[PDB]
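Asks: The structure under discussion is supplied below as structure tokens; questions concerning it will follow.
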Amino acid sequence: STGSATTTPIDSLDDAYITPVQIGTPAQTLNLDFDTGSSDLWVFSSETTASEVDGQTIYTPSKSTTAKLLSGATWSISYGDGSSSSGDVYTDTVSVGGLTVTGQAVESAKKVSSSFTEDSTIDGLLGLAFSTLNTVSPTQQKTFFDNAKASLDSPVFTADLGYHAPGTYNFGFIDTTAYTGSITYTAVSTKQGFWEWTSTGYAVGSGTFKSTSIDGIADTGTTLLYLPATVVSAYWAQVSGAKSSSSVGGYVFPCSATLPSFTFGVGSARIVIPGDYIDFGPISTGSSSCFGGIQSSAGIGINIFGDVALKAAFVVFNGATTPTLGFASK
Ligand SMILES: CCNCCOc1ccc(Cl)c(C)c1
């Protein structure tokens, strides 16, 4: 089997991407944030505290003839950005782009933190990291991809995120018309439950490539590119007037600037992030100070190849017995 679904930016800055997902019988379609950095499929629901729902579409398990309460199961997750959610668990039929899993754990939120409430466009998350990170207790549950894998034509999914435009998540096949050149594959460590890999270096604009190992995670659920402070300083030093602002929370730059590109290595291959992808717009409405798309990972504990990096590539998440990642230009 295969599936194919369009993923759409939630706003004009590409702050996140939503993909429609069918849950239950008859189908209830929710727009979920596919997150290769976590492993829970959780949704706003009829059980979510009412004051914490503000415009999201909810899953109502009592209206699904295939929903079954997973007796005794609870979940609670805290994300690296400080947001969180928790609740109870159903199993139900879940379909993405024509690919169907029966018996998928659907984690129904009783509580969500304020950042989720305040984002009316995200109805929940669909985790695509390794199932070892799933938070359901006392019986850990499998991700949608893990449940589908054995049925897929090939045990893979691909992320093709657009810049200020829709893109595609495919399951079970590699669309050879979606990228240019060849796909370069690179090794993955699953030891921390992430799609963790080692980039071979970077360049800033037309500068010379610096060969250096950068261990990080391919994370579709993180907006920006988080890299070591040395690399990030070298980038922003090429932008007149850019500076790290402790009060704003990262590097800011004059909105009048033309940003240089940023290149990252995948083996001997090179992915080029155009400068425009690194502009996240005014820090507050009407300001002439703009927020940078490349930020330091120093306070995080891991480097993160988030959407800013991944949208510049066609990315293969290869879930074969030994997982790997593939990157192609597009
Ligand atoms: C920490 C990086 N990714 C995991 C959390 O992802 C999101 C996505 C959407 C929203 Cl609204 C929030 C608050 C978090």
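Residues are referred to by chain and number: the chain letter is A, B, ... according to the order shown in the structure tokens, the number counts from 1 in that chain, and ligands are numbered separately from 1 in the order shown.
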Counting only C-alpha atoms and all ligand atoms, which residues of chain A fall within 7 Å of ligand 1, and what is the closest atom pair for each with its distance in Å at one decimal, ordered by chain and rising number, as JSON lines?
Replies:
{"residue": "A:16", "atom": "CA", "partner": "ligand 1", "partner_atom_place_in_ligand_line": "9 (C)", "distance": 6.8}
{"residue": "A:33", "atom": "CA", "partner": "ligand 1", "partner_atom_place_in_ligand_line": "8 (C)", "distance": 6.5}
{"residue": "A:35", "atom": "CA", "partner": "ligand 1", "partner_atom_place_in_ligand_line": "3 (N)", "distance": 6.9}
{"residue": "A:37", "atom": "CA", "partner": "ligand 1", "partner_atom_place_in_ligand_line": "3 (N)", "distance": 6.6}
{"residue": "A:38", "atom": "CA", "partner": "ligand 1", "partner_atom_place_in_ligand_line": "4 (C)", "distance": 6.9}
{"residue": "A:79", "atom": "CA", "partner": "ligand 1", "partner_atom_place_in_ligand_line": "1 (C)", "distance": 4.8}
{"residue": "A:80", "atom": "CA", "partner": "ligand 1", "partner_atom_place_in_ligand_line": "1 (C)", "distance": 4.2}
{"residue": "A:81", "atom": "CA", "partner": "ligand 1", "partner_atom_place_in_ligand_line": "1 (C)", "distance": 4.2}
{"residue": "A:83", "atom": "CA", "partner": "ligand 1", "partner_atom_place_in_ligand_line": "13 (C)", "distance": 4.9}
{"residue": "A:115", "atom": "CA", "partner": "ligand 1", "partner_atom_place_in_ligand_line": "13 (C)", "distance": 4.5}
{"residue": "A:116", "atom": "CA", "partner": "ligand 1", "partner_atom_place_in_ligand_line": "11 (Cl)", "distance": 4.3}
{"residue": "A:119", "atom": "CA", "partner": "ligand 1", "partner_atom_place_in_ligand_line": "11 (Cl)", "distance": 5.3}
{"residue": "A:122", "atom": "CA", "partner": "ligand 1", "partner_atom_place_in_ligand_line": "11 (Cl)", "distance": 6.6}
{"residue": "A:221", "atom": "CA", "partner": "ligand 1", "partner_atom_place_in_ligand_line": "3 (N)", "distance": 4.4}
{"residue": "A:222", "atom": "CA", "partner": "ligand 1", "partner_atom_place_in_ligand_line": "2 (C)", "distance": 4.3}
Asks: Just list as JSON, numbers by chain whatever in range 51-243 of chain A DSSP marks as strand (DSSP E).
Replies: {"A": [68, 69, 70, 71, 72, 73, 74, 75, 76, 77, 78, 84, 85, 86, 87, 88, 89, 90, 91, 92, 93, 94, 95, 96, 99, 100, 101, 102, 103, 104, 105, 106, 107, 108, 109, 110, 111, 112, 124, 125, 126, 127, 156, 157, 158, 159, 160, 167, 168, 169, 170, 171, 184, 185, 186, 187, 196, 197, 198, 199, 200, 201, 202, 203, 204, 210, 211, 212, 213, 214, 215, 216, 217, 218, 225, 226, 227, 243]}
Asks: Contacts of range 170-178 of chain A at 7 Å or less, counting only C-alpha atoms, minus same-chain residues fewer than 6 places along, as number ranges by chain?
Replies: A: 1-5, 152-159, 330
Asks: Please identify which residues in range 108-230 of chain A DSSP calls alpha helix (DSSP H) from the backbone, and express them as number ranges by chain.
Replies: A: 114-117, 144-148, 229-230
Asks: May I ask which of the residues A:39, A:250, A:275, A:217 is the closest one to residue 238 in chain A, counting only C-alpha atoms?
Replies: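 Distance minimum relative to residue 238 in chain A lands on A:275.
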Asks: Neighbouring residues of residue 323 in chain A were defined as those with any atom within 10 Å, considering only C-alpha atoms; residues of the same chain fewer than 5 positions away were excluded. Please report them as a list in words.
Replies: residues 155, 156, 186, 187, 188, 189, 190, 195, 317 and 318 of chain A
Asks: If you keep N, CA and C atoms, can you produce a file of those selected residues as a PDB file, in the first residue's frame?
Replies:
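Listed below is the output, part-v3.pdb:
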ATOM      1  N   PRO A 155       9.330   0.425   3.117  1.00  0.00           N
ATOM      2  CA  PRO A 155       9.153   0.914   4.505  1.00  0.00           C
ATOM      3  C   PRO A 155       9.730   2.304   4.728  1.00  0.00           C
ATOM      4  N   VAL A 156       9.116   3.290   4.067  1.00  0.00           N
ATOM      5  CA  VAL A 156       9.648   4.644   4.016  1.00  0.00           C
ATOM      6  C   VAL A 156       8.502   5.638   4.033  1.00  0.00           C
ATOM      7  N   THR A 186      22.349   8.816   4.384  1.00  0.00           N
ATOM      8  CA  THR A 186      23.279   9.022   5.489  1.00  0.00           C
ATOM      9  C   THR A 186      22.766   8.258   6.710  1.00  0.00           C
ATOM     10  N   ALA A 187      23.681   7.831   7.579  1.00  0.00           N
ATOM     11  CA  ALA A 187      23.325   6.946   8.682  1.00  0.00           C
ATOM     12  C   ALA A 187      22.518   7.658   9.764  1.00  0.00           C
ATOM     13  N   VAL A 188      21.672   6.884  10.441  1.00  0.00           N
ATOM     14  CA  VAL A 188      20.803   7.380  11.501  1.00  0.00           C
ATOM     15  C   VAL A 188      21.146   6.634  12.779  1.00  0.00           C
ATOM     16  N   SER A 189      21.145   7.341  13.903  1.00  0.00           N
ATOM     17  CA  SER A 189      21.164   6.723  15.215  1.00  0.00           C
ATOM     18  C   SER A 189      19.769   6.843  15.799  1.00  0.00           C
ATOM     19  N   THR A 190      19.217   5.721  16.260  1.00  0.00           N
ATOM     20  CA  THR A 190      17.924   5.734  16.931  1.00  0.00           C
ATOM     21  C   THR A 190      18.057   5.762  18.448  1.00  0.00           C
ATOM     22  N   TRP A 195      15.242  10.789  14.516  1.00  0.00           N
ATOM     23  CA  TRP A 195      15.929  10.618  13.236  1.00  0.00           C
ATOM     24  C   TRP A 195      17.203  11.455  13.302  1.00  0.00           C
ATOM     25  N   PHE A 317      12.682   9.372   4.907  1.00  0.00           N
ATOM     26  CA  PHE A 317      12.762   8.756   6.232  1.00  0.00           C
ATOM     27  C   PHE A 317      12.638   7.256   5.999  1.00  0.00           C
ATOM     28  N   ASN A 318      13.783   6.580   5.970  1.00  0.00           N
ATOM     29  CA  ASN A 318      13.852   5.171   5.600  1.00  0.00           C
ATOM     30  C   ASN A 318      13.800   4.322   6.864  1.00  0.00           C
TER      31      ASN A 318
END
Asks: Would you please work out which residue, of A:127, A:24, A:292, A:72, is nearest to residue 92 in chain A when using only C-alpha atoms?
Replies: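 Among the listed residues, the smallest separation from residue 92 in chain A belongs to A:24.
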Asks: With a cut-off of 9 Å, could you pull out the residues of range 238-303 of chain A touching range 200-208 of chain A and give me the nearest pair of atoms for each, distance in Å to one decimal, using only C-alpha atoms, ordered by chain and ascending number, as CSV?
Replies:
residue,atom,partner,partner_atom,distance
A:238,CA,A:204,CA,8.0
A:259,CA,A:205,CA,8.6
A:260,CA,A:205,CA,4.8
A:261,CA,A:205,CA,4.6
A:262,CA,A:204,CA,4.9
A:263,CA,A:203,CA,4.9
A:264,CA,A:202,CA,4.4
A:265,CA,A:200,CA,4.7
A:266,CA,A:200,CA,5.9
A:267,CA,A:200,CA,5.8
A:268,CA,A:200,CA,7.6
A:269,CA,A:200,CA,8.9
A:270,CA,A:202,CA,8.4
A:272,CA,A:203,CA,8.9
A:274,CA,A:205,CA,8.7
A:275,CA,A:205,CA,8.2
Asks: Please identify all polymer residues within 8 Å of residue 44 in chain A, counting only C-alpha atoms, omitting same-chain residues fewer than 5 positions from it, and present them as a PyMOL selection string.
Replies: chain A and resi 53+56-59+108-109+123-124
Asks: Go ahead and save the picked residues with N, CA, C and O atoms, as an mmCIF file, in the first residue's frame.
Replies:
data_model
loop_
_atom_site.group_PDB
_atom_site.id
_atom_site.type_symbol
_atom_site.label_atom_id
_atom_site.label_comp_id
_atom_site.auth_asym_id
_atom_site.auth_seq_id
_atom_site.Cartn_x
_atom_site.Cartn_y
_atom_site.Cartn_z
ATOM 1 N N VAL A 53 -10.122 25.048 24.317
ATOM 2 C CA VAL A 53 -10.435 24.891 22.901
ATOM 3 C C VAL A 53 -10.851 26.255 22.376
ATOM 4 O O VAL A 53 -11.714 26.919 22.974
ATOM 5 N N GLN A 56 -10.300 25.033 17.201
ATOM 6 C CA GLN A 56 -9.821 23.784 16.627
ATOM 7 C C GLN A 56 -10.990 22.855 16.322
ATOM 8 O O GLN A 56 -12.050 22.917 16.955
ATOM 9 N N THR A 57 -10.782 21.980 15.347
ATOM 10 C CA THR A 57 -11.694 20.872 15.108
ATOM 11 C C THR A 57 -11.379 19.746 16.070
ATOM 12 O O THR A 57 -10.216 19.426 16.299
ATOM 13 N N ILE A 58 -12.421 19.165 16.656
ATOM 14 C CA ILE A 58 -12.258 18.153 17.688
ATOM 15 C C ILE A 58 -12.655 16.784 17.168
ATOM 16 O O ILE A 58 -13.560 16.641 16.338
ATOM 17 N N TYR A 59 -11.975 15.770 17.699
ATOM 18 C CA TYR A 59 -12.377 14.372 17.581
ATOM 19 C C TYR A 59 -13.363 14.029 18.686
ATOM 20 O O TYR A 59 -13.099 14.283 19.864
ATOM 21 N N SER A 108 -6.429 11.236 23.114
ATOM 22 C CA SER A 108 -7.431 12.293 23.222
ATOM 23 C C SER A 108 -7.031 13.251 24.336
ATOM 24 O O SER A 108 -6.844 12.834 25.487
ATOM 25 N N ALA A 109 -6.891 14.536 23.998
ATOM 26 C CA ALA A 109 -6.430 15.514 24.972
ATOM 27 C C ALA A 109 -7.541 15.871 25.945
ATOM 28 O O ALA A 109 -8.662 16.204 25.540
ATOM 29 N N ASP A 123 -4.999 20.957 14.946
ATOM 30 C CA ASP A 123 -5.958 20.143 15.674
ATOM 31 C C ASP A 123 -5.288 19.027 16.461
ATOM 32 O O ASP A 123 -5.989 18.232 17.114
ATOM 33 N N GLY A 124 -3.971 18.953 16.423
ATOM 34 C CA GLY A 124 -3.220 17.925 17.116
ATOM 35 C C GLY A 124 -1.944 17.638 16.350
ATOM 36 O O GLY A 124 -1.614 18.309 15.380
#
Asks: Have a look at CA of residue 125 in chain A and CA of residue 34 in chain A and let me know their distance in Å, one decimal.
Replies: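 If I compute the distance from CA of residue 125 in chain A to CA of residue 34 in chain A, I get 5.9 Å.
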Asks: Excluding same-chain residues fewer than 4 positions from range 307-316 of chain A, what lies within 6 Å of it counting only C-alpha atoms, as a count of residues only?
Replies: 16
Asks: Give me, please, the distance in Å between CA of residue 229 in chain A and CA of residue 244 in chain A, quoted to one decimal.
Replies: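 These two atoms are separated by 10.7 Å.
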Asks: Residue 13 in chain A: which residues within 10 Å, counting only C-alpha atoms, same-chain residues fewer than 5 positions away excluded, as number ranges by chain?
Replies: A: 163-164, 223, 277-281
